[PDB]
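Structure first, then comments.
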Amino acid sequence: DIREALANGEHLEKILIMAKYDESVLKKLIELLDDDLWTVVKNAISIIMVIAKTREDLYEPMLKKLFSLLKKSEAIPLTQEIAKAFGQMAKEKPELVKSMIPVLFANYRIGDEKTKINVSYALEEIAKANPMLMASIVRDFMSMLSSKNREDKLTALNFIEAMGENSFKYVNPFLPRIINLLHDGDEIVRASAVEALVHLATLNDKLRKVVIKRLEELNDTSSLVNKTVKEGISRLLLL
């Protein structure tokens, strides 16, 4: 029983060889990505992803489903496996990663700790798998900072809050562009610019004193921002 073997990590190579030869097994493993049991989801991924290295068409549907799973995953081994899968598409299907990451950030809710962490792991794995792809994806979002539309700046900003230690050197050259949004006329964008700057300060000690100083200096009209400035002032001082 394919499903119960996946749940106990047994027969995996078996299942892979079967799925690799009988399409109706491949489809079964895809369908088991939706199972409530994480070990099942996990081991389905790792099998489908090996089969993908010889079947190009599995990548795109799988990437879409990974986006949903990063919303769904609560078990850290599953999270890890999701992130490794992102890493593997970053080396083998860089354009697909390039063209879909903005889709994830523009479409999906990424503003609860759980999601945030799950998403960070995947971008850290894209960043270690393909430095060039990564710099390139960072540039696509930093272009979204100038946009007129409110949503597109918050999408850039959500991206910047999922940055980590390995993608930090890509965003560092864009700082001024990001600080620039502290002068945005829409209060909601100002506050998100703050959160995002707050989050980058936690990655680098020098930037942390810059941000600190800056946020103190700031006096605003929105309460919805003044609060944001004050909470974040409080976090950075700790470190």
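Looking only at helices (runs of 4 or more DSSP H) that lie completely in the stretch 46-145, which have at least 1 residues being of a type in the set (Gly, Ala, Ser) and over 15 Å from the mean Cα position of the chain (by Cα)?
Numbers: elements: 59-72, 76-92, 94-107, 113-129, 131-144.
Result: 131-144.
Is it the case that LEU70 is closer than 28 Å to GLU113 by Cα and crowded, with 22+ Cβ neighbours inside 10 Å?
Working: closer than 28 Å to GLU113 by Cα: yes; crowded, with 22+ Cβ neighbours inside 10 Å: yes.
So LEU70 fits the description; yes.
Based on this model, can you work out whether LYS27 counts as under 14 Å from the mean Cα position of the chain (by Cα) and either farther than 21 Å from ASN130 by Cα or surrounded by fewer than 19 Cβ atoms within 10 Å (Cβ to Cβ) (or both)?
no
What tally of residues in the stretch 101-113 results from selecting those that are in contact with a helix residue (DSSP H, G or I) (Cβ under 9 Å, 6 or more places away or on another chain) and surrounded by fewer than 16 Cβ atoms within 10 Å (Cβ to Cβ)?
Of all residues in the stretch 101-113, those in contact with a helix residue (DSSP H, G or I) (Cβ under 9 Å, 6 or more places away or on another chain) come to 101-111.
Keeping just the survivors that are surrounded by fewer than 16 Cβ atoms within 10 Å (Cβ to Cβ) gives 103, 107, 109, 111.
Of the residues in that region, 4 qualify.
Specify the residue that is farthest from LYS72 (Cα to Cα); the eligible residues are those in the stretch 121-132 that are crowded, with 18+ Cβ neighbours inside 10 Å and not aromatic (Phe, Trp, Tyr). Step through it out loud before you land on a result.
Step one: of the stretch 121-132, the residues crowded, with 18+ Cβ neighbours inside 10 Å are 121-127, 129-130.
If we keep only those that are not aromatic (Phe, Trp, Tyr) too, we end up with 122-127, 129-130.
On the way: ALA122: 14, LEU123: 17, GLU124: 19, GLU125: 19, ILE126: 20, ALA127: 23, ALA129: 24, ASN130: 26 Å.
Once the filter is applied, the top-ranked residue is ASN130.
Residue by residue through the stretch 189-230, note down the ones that are in a helix (DSSP H, G or I) and exposed (fewer than 14 other Cβ atoms within 10 Å of the Cβ). Steps first, answer last, please.
Within the stretch 189-230, the first condition is being in a helix (DSSP H, G or I), and the residues that meet it are 189-201, 205-217, 223-230.
Residues satisfying the conditions are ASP205, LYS206, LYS209, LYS213, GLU216, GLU217, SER223, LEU224, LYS227, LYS230.
Determine the pairs where a residue that is over 17 Å from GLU56 (Cα atoms) and in contact (Cβ under 8 Å) with a residue 12 or more places away in the chain, located within the stretch 14-35, has a partner that is among the small types (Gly, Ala, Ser) and in a helix (DSSP H, G or I) with Cβ atoms under 7 Å apart, the partner being 6 or more residues away or on another chain.
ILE15/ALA5; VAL25/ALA19; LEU32/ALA44; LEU33/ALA44
Just to be sure I understand the filter: pairs with C-beta atoms under 7 Å, separated by 6 or more residues or on different chains, first member in the stretch 175-191 and among the small types (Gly, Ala, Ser), second member assigned to a helix (DSSP H, G or I) and surrounded by 19 or more Cβ atoms within 10 Å (Cβ to Cβ). Which pairs pass?
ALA191/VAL225; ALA191/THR228
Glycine gets a Cβ as well: all are built from the backbone with ideal geometry, and neighbour counts include every protein chain shown. Only the coordinates and a few stated rules stand behind these numbers; no lab work does.
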